[PDB]
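Structure first, commentary second.
All ligand and atom numbering here is 1-based and tracks the order in the structure. This chain uses plain numbering: 1 for the first residue, then up along the sequence.
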Amino acid sequence: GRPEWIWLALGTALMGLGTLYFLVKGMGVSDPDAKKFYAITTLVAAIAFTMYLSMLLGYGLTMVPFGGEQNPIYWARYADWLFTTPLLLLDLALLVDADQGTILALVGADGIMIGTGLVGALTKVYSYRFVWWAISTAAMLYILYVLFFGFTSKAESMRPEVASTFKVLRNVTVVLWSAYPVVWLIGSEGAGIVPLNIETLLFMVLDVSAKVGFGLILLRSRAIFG
Ligand SMILES: *C/C=C(C)/C=C/C=C(C)/C=C/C1=C(C)CCCC1(C)C
């Protein structure tokens, strides 16, 4: 019964409830466009629910040696984010009608971000763990640059309702995503300053906010209608 399980149980519950609500509401809408957003967003919550559940049950956890200790690394997180982060970017891209090349470059950068992030979380040479972390953060900053400079401009061709909805989602995304590299840096994966139970609480608040929070804002808006 690890100290962080209570936060994993609360995360499972919140992701589960969000998944159900998104599923029920999406199943009733007939609009084709509205449906796309509902399917993507419900999938994002569903994947998070399953991974929180797996971790709650003892999976996705491995001891990596470094800094003279056996460090508890929850790798199930990257299995979640590998698929949920680019899906969230997809929601945003579809909202502003971004083009093919942009989406591909964004998803590719997102793949690098999660990939190098996991390599770093598994690296046994302490200093190198931060080399990988640095590359992952640079990848994330590219994504945030594109969402802020590129997309916002693209939402210029949209109607107030949609441009308005994108800004809120963009703002929530930029604030939440920018927090992840800091939590990693000071937590179990990096400096080991913040204990795993508190770190798990921090990631749970961020995850739930970035998926269920983002989802509620997105799905209740009129901008999802084609
Ligand atoms: C539902 C999950 C979301 C929206 C997750 C977002 C996760 C990030 C923006 C993660 C970023 C990371 C870095 C910038 C570097 C270190 C490792 C990561 C993967 C924690």
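Residue-ligand proximity, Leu88 to ligand 1, at heavy-atom distances under 4.0 Å covers atoms 4 (C). Near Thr85, meaning under 4.0 Å from any of its heavy atoms, are these atoms of ligand 1: 3 (C), 5 (C), 6 (C). Of all the atoms in ligand 1, the ones that sit under 4.0 Å from a non-hydrogen atom of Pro181 are 14 (C).
Relative ring orientation between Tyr145 and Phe149 is described as parallel, the plane-to-plane angle staying below 30° on a 0-90° scale split at 30° and 60°.
In this structure, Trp81 has its ring center closer than 6.0 angstrom to the ring center of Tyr180.
At the shortest separation from atom 16 (C) of ligand 1 among protein heavy atoms lies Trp133 CD1, 3.5 Å. Distance from atom 17 (C) of ligand 1 to its nearest protein heavy atom, with residue and atom name: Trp184 CD1, 3.5 Å. Of all protein heavy atoms, the one lying nearest to atom 2 (C) of ligand 1 is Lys211 NZ, 2.4 Å. Considering only non-hydrogen protein atoms, atom 10 (C) of ligand 1 sits nearest to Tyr180 CB, 3.5 Å. Atom 4 (C) of ligand 1 has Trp177 NE1, 3.3 Å as its closest protein atom, hydrogens excluded (heavy atom only).
Within 6.0 Å of CZ in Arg222 there are 12 or fewer heavy atoms belonging to other residues, nucleotides or ligands.
Scanning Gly120, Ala210, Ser136, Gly187 for the heavy atom closest to atom 15 (C) of ligand 1 points to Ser136.
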